[PDB]
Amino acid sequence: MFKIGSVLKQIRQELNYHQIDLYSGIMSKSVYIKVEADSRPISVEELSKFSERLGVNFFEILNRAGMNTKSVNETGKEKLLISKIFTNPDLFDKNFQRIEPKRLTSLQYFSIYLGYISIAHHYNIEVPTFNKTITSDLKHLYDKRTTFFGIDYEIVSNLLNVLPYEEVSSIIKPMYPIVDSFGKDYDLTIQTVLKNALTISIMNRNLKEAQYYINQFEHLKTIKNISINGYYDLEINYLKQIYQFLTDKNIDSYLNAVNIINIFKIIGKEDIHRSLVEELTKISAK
């Protein structure tokens, strides 16, 4: 699949190392030659070692080999495809009939499925199938779950997007608090759920929930090797501000919240800016 061997040779050569420097103590010269020739599958352990030898990041090497873009597999394509269909509705139908059937194939597929459902709901397309099953689908998917992976938090984020909060909450509660970090991607999705959930809580005035998510997020900051997302930190902090304004009625809070909203405009995050503005306008009403 991926040309890891050639990336190795590439880096090996840029840094002026000899084959010997890489295989010495790990494999025969002949074999390593196969590895660089990409004619021999390399083991995660071996790659790990060559990585230390080269002095270049292991993950970086994988990325350079082709683990980046989602095109690495079907599921990846399907996902890229979504955003395409988002802007080209007409596409929907065609695909949705291939996806929908397999929505319970893997957590990855279910997420994609919810992706389509998100498009329809935006353009008001008919999705009778969805309404007649999610409750069953979620039951099947999470009834006997005990440990959650990134994809689960990803699912819940999309879930919160095409269903009433009340229908999703039950599924969230057992997914927090987080106790460990399992990589940037993992850290990212766990934060997204909080950000979306808190946003919904504020919009619907459920201050007890809002309170909860704020704490959950704050707790994340206490975790070893956790990568908090700056933009999320800003947005969630603006929500915290509004929360405090809705409770303590503190004028200062309203001011801070407004400052944050401003900052987004200042650093150029226009999309986020418009969102929070329409979000604040709304909050001073419905």
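From 1 onward, residues are counted along the sequence shown.
As recorded in the PDB entry, 61-69 is the stretch of 230-238 and 61-69 with the greater mean C-alpha temperature factor. Of the two segments examined, 177-185 and 77-85, it is 77-85 that shows the higher average Cα temperature factor in the deposited entry. Of the candidates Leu160, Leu141, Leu91, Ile202, the one whose C-alpha carries the top B factor in the deposited record is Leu91. Comparing the listed residues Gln211, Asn196, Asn124, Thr105, the entry records the largest Cα B-factor for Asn124. In the PDB entry, a CA B factor belonging to the lowest third of its chain's modelled residues is recorded for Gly150. Per the PDB record, residue ranking by Cα B-factor puts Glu36 in the middle third of the chain. Ranked by C-alpha B-factor against the other modelled residues of its chain, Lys29 falls in the lowest third. In the PDB entry, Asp252 places in the middle third of its chain by CA B-factor. Among all modelled residues in this chain, the alpha-carbon of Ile117 has a temperature factor (C-alpha) in the highest third.
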